[PDB]
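Peer 1: Taken in sequence, the protein lines are chains B and A.
FYI, the numbering for the first sequence is 1 to 302, going by PDB author numbering.
FYI, the numbering for the second sequence is 1 to 44, 50 to 305, going by PDB author numbering.
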Amino acid sequence: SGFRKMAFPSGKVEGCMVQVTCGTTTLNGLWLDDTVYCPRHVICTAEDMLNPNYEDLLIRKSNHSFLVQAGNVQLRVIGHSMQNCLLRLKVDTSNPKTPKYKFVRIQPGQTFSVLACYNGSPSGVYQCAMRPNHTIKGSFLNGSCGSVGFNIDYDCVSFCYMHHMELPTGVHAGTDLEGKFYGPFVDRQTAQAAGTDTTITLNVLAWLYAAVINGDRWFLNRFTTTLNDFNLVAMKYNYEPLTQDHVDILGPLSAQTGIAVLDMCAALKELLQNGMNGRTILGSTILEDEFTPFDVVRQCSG
Amino acid sequence: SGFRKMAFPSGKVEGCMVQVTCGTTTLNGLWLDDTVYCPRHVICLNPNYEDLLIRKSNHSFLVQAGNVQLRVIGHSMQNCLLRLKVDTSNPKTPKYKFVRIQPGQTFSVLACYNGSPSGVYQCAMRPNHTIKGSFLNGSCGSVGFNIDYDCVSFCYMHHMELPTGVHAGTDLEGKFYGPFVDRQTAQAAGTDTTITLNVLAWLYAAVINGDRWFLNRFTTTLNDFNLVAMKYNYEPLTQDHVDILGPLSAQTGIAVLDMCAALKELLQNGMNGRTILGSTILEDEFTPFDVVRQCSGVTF
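1. Starting from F8(B), follow the beta strand (DSSP E) in both directions and report where the run begins and ends.
2. Tell me, which residues are paired with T21(A) by DSSP?
3. Counting along the chain, where does the alpha helix (DSSP H) carrying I286(A) start and finish?
4. Within the 9 Å Cβ cut-off, does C128(A) reach chain B?
5. When DSSP builds the beta bridges, which residues end up paired with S81(A)?
6. Skipping 5 residues on each side, what residues in its chain have a beta carbon closer than 8 Å to that of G79(B)?
7. Check whether the Cβ of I286(A) lies closer than 9 Å to any Cβ atom in chain B.
8. I need the DSSP call for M162(A), collapsed to helix, strand or coil.
9. Determine which residues share a DSSP beta bridge with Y101(B) and list them.
10. Can you find a CB in chain B that lies within less than 9 Å of the CB of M6(A)?
11. Give a yes or no on whether the minimum CB-CB distance between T304(A) and chain B is below 9 Å.
12. Beta strand (DSSP E) containing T111(A): first to last residue?
13. So, for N133(A): in the same chain, excluding its five sequence neighbours on each side, which residues have a beta-carbon less than 6 Å away from its beta-carbon?
14. Who are the Cβ neighbours of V233(B) in its own chain at under 6 Å, not counting the five residues just before and after it?
15. With burial defined as no fewer than 16 other Cβ atoms inside 10 Å of the residue's Cβ, what is the status of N151(B): buried or exposed?
16. For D176(B), which of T190(B), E166(B) and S147(B) has the nearest alpha-carbon?
17. Using Cβ-Cβ distances below 8 Å, what residues of the stretch 155 to 172 of chain A are close to chain B?
18. Roughly how far, in whole angstroms, is the beta-carbon of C128(B) from the beta-carbon of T111(B), given that I think they are within contact range, below 8 Å?
19. For a cutoff of 9 Å on Cβ pairs, would you count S10(A) as touching chain B?
20. Which residues in the same chain have their Cβ closer than 8 Å to the Cβ of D248(A), if we skip the five residues on either side of it in sequence?
21. What are the boundary residues of the alpha helix (DSSP H) that includes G251(B)?
22. Are the CB atoms of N238(B) and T285(B) nearer to each other than 9 Å?
23. Give me whichever residues DSSP pairs with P39(A) in a beta bridge.
24. Assuming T201(A) is part of the alpha helix (DSSP H), what are its boundary residues?
25. Express the C-alpha separation of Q299(B) and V114(A) in angstroms, rounding to a whole number.
26. Name the chain A residues whose beta carbon is nearer than 7 Å to that of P132(B)?
27. Are the CB atoms of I59(A) and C22(A) nearer to each other than 9 Å?
28. Does chain B have any CB closer than 9 Å to the CB of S147(A)?
29. For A116(A), go through chain B and note every residue whose CB falls closer than 8 Å to its CB, in chain order.
30. Are at least three pairs of beta-carbons, each pair with one atom in the stretch 287 to 296 of chain A and one in the stretch 246 to 260 of chain A, less than 8 Å apart?
31. Can you pull out the residues from the stretch 13 to 28 of chain A whose beta carbon lies closer than 7 Å to at least one beta carbon of chain B?
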């Protein structure tokens with residue numbers, strides 16, 4: 001019983017974190033086998049970040065311009081290259097703590113754990129969702145760039161995020177481990193802003209299922225809805241349009257609880273229309289949208 | 001920017017988790033140096054632990070660390086824990102301490118099943134000596150901890166779920182938090198309160214982060230604050246708590262009793278549609294130490 005915003009254990013990713021310094025800029029890197037990955041903006045001067053040309057700035061560097069350290073120990077760089085918005089630094093030794101891993105690009109509305117680091121050392125782990133607008137509502141101070149987001153399946157780490165930038169609203173933007181940004185963001189100082197965001201409807205439904213599994217049914221009702229009629233209501237409350245694919249994803253939780261997907265959508269419609277009337281669900285006074293169906297199934301009893 | 005509940009990085013603890021099996025019961029154990037600690041109920050209405058343990062041989066305990074079976078060479082009971090001696094000292098043993106935490110204090114929990122870590126979350130010891138954990142069957146022996154620099158201070162080992170679905174367990178000496186016992190009884194969580202000390206810490210966090218609309222021009226006496234806050238089911242604030250908030254009060258230049266006046270007004274008037282650190286609610290699971298640690302960017 002209970003239901004907590006739970007992160008994946010961070011040990012497999014802790015053993016991959018290093019520090020990368022170029023000039024007077026330090027941030028975090030990820031050391032897998034003989035390669036260190038970090039944000040390419042590490043090469044940028046006080047100025048350069050206004051209109052950087054990364055090809056022109058990089059060709060001006062050698063291997064020995066980069067100081068990579070694991071703890072207090074320097075790792076010599078024997079090669080480098082840029083891949084989109086990441087630098088890939090080859091070092092002269094391998095990381096024996098490299099876990100089994102994949103690089104994956106996640107979809108908006110999916111969750112992952114972030115290991116926040118400063119100067120190559122971990123400070124904390126937390127769980128978040130990639131917003132529909134491709135930002136994350138993170139907790140990051142100056143020096144956190146290069147910190148990574150990941151999920152773990154058995155003993156395989158799927159890295160999905162590397163932190164690059166804070167936007168004017170104090171939300172966060174970053175890239176996958178191929179260096180491609182999530183969202184329309186760029187690694188320079190511009191006027192760029194987070195786009196419109198929506199509530200992740202599929203996650204809110206999953207979480208209402210969590211609440212039923214855990215014993216609570218106060219918010220249920222005698223009604224059903226069509227998908228169309230549900231969307232006609234939810235979209236007025238800034239919720240992401242619900243599709244049949246999303247309905248099908250909720251099948252397992254529906255079967256576990258005996259509550260048809262559309263009947264749970266009818267409960268959600270009523271909660272949106274009437275509010276929560278001072279009541280809580282899974283201890284919350286608000287509808288939570290940062291747990292996916294898979295997160296609920298992983299955490300709750302069968 | 002951002003304020004998130006964050007757990008400590010869990011790697012130093014992950015390297016200590018093992019599975020302990022007695023007959024048909026499997027739970028988790030904590031392997032430090034050549035000792036594995038686990039709940040004594042692994043050997044189980051009215052248990053006679055001392056008498057039950059008599060019937061147990063070293064060979065009865067199957068201890069597995071990843072794929073490696075650890076040979077048990079001694080066993081004894083210490084309060085509500087078993088201490089199993091094994092023939093291998095854990096190569097991953099971190100610097101560590103065992104500590105008994107106080108109500109209201111926080112720690113990270115690494116939820117484990119079959120000796121395999123599954124997730125990590127932050128939680129508080131409630132004033133009623135329970136924790137609002139997330140635990141399924143097989144969780145027992147999962148541990149709570151804090152870290153200072155390189156040193157893991159273990160503070161909780163999980164033993165039981167109570168009828169409201171909250172959780173009870175022991176320190177790493179095997180003594181229960183609260184009046185709970187490791188038997189089937191009618192035991193229940195008592196009434197709980199909101200951890201005032203932590204709500205104040207979190208309001209200081211909000212101010213440090215530039216969210217300060219709730220501050221005002223007034224102050225309160227402690228007694229007047231307690232008269233109001235106790236009506237809202239808040240824990241009574243003591244002079245000792247006022248002093249624990251000294252470093253946050255100094256950093257912000259906002260006297261604790263002036264923050265209390267701000268907190269009184271929020272309890273009496275509500276938030277009026279506004280948010281504090283993005284929350285519509287007053288958060289009570291961040292201690293004064295959690296706030297300094299997060300706002301000062303400390304690493305381990």
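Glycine included, C-beta positions come from ideal geometry on N, C-alpha and C.
Peer 2: In short, the structure shows the following:
1. As a first step, residue 8(B) is located in the first sequence; it is residue number 8 there, counting from the start. Where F8(B) is concerned, there is no enclosing beta strand (DSSP E), given that its DSSP letter is neither H nor E.
2. Counted from its first residue, the second sequence places residue 21(A) at position 21. Paired residue(s): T26(A) and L67(A).
3. The residue given as residue 286(A) occupies position 281 in the second sequence. First-last for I286(A): undefined, no H or E at that position.
4. Here residue 128(A) is taken as the residue at index 123 of the second sequence, counted from 1. Chain B contact via Cβ: present.
5. If you number the second sequence from 1, residue 81(A) lands on position 76. Note: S81(A) is bridge-paired with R88(A) in the DSSP secondary-structure output.
6. As a working mapping, residue 79(B) is identified with position 79 in the first sequence. Excluding its 5 nearest sequence neighbours in each direction, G79(B) has C-beta neighbours in its own chain below 8 Å: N63, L89 and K90, listed in chain order.
7. Locating residue 286(A) in the second sequence gives position 281, where the first residue counts as 1. Yes - at least one Cβ of chain B is within 9 Å of the one on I286(A).
8. The residue you call residue 162(A) lines up with position 157 of the second sequence. Secondary structure of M162(A) (DSSP, three-state): strand.
9. In the first sequence, residue 101(B) corresponds to position 101, counting from 1. Answer is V157(B), bridged to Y101(B).
10. Residue 6(A) sits at position 6 when you count from the first residue of the second sequence. Answer yes: the Cβ-Cβ gap between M6(A) and chain B drops below 9 Å somewhere.
11. Your numbering for residue 304(A) matches position 299 in the second sequence. Yes, contact with chain B.
12. What you label residue 111(A) is simply residue 106 of the second sequence in a count that begins at 1. Its beta strand (DSSP E) spans residues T111 to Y118.
13. Residue mapping note: residue 133(A) aligns to position 128 of the second sequence, counting from 1. Correct list, in chain order: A194, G195 and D197.
14. Taking the first sequence and counting its residues from 1, one reaches residue 233(B) at position 233. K269, listed in sequence order.
15. Counting from one through the first sequence, the residue named residue 151(B) turns up at place 151. By the 10 Å Cβ count, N151(B) comes out buried.
16. Position 176 of the first sequence, counted from the first residue, corresponds to residue 176(B). When each option's Cα is compared against that of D176(B), the closest is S147(B).
17. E166, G170, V171 and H172
18. For the purposes of this step, residue 128(B) is taken as residue 128 along the first sequence, with counting starting at 1. For the purposes of this step, residue 111(B) is taken as residue 111 along the first sequence, with counting starting at 1. Confirmed, about 7 Å.
19. Here residue 10(A) corresponds to residue number 10 of the second sequence, with the count starting at 1. Chain B contact via Cβ: present.
20. For this step, residue 248(A) is matched to residue 243 along the second sequence. Counting only Cβ-Cβ distances below 8 Å, and skipping sequence neighbours, we find nothing.
21. Position 251 of the first sequence holds residue 251(B). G251(B) -> alpha helix (DSSP H) spans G251 to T257.
22. Along the first sequence, one-based indexing puts residue 238(B) at 238. Along the first sequence, one-based indexing puts residue 285(B) at 285. No, the Cβ-Cβ distance between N238(B) and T285(B) is not below 9 Å.
23. By 1-based counting over the second sequence, the position of residue 39(A) is 39. Partner(s): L86(A).
24. As a position in the second sequence, residue 201(A) is number 196, starting the count at 1. Per DSSP, the unbroken alpha helix (DSSP H) holding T201(A) starts and ends at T201 to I213.
25. Start at 1 with the first residue of the second sequence, and residue 114(A) comes out as number 109. Start at 1 with the first residue of the first sequence, and residue 299(B) comes out as number 299. One C-alpha to the other measures close to 14 Å.
26. Working through the first sequence from its first residue, we reach residue 132(B) at position 132. Near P132(B) there are no residues of chain A at all, since even the closest Cβ is about 17 Å away, more than 7 Å.
27. Looking up residue 59(A) in the second sequence gives position 54. Looking up residue 22(A) in the second sequence gives position 22. Contact: no.
28. By 1-based counting over the second sequence, the position of residue 147(A) is 142. Answer no: the Cβ-Cβ gap between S147(A) and chain B never drops below 9 Å.
29. Here the question's residue 116(A) lines up with position 111 in the second sequence. Near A116(A) (Cβ distances below 8 Å), the residues of chain B are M6.
30. With a cut-off of 8 Å on Cβ pairs, the stretch 287 to 296 of chain A is in contact with the stretch 246 to 260 of chain A, counting three or more such pairs.
31. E14 and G15
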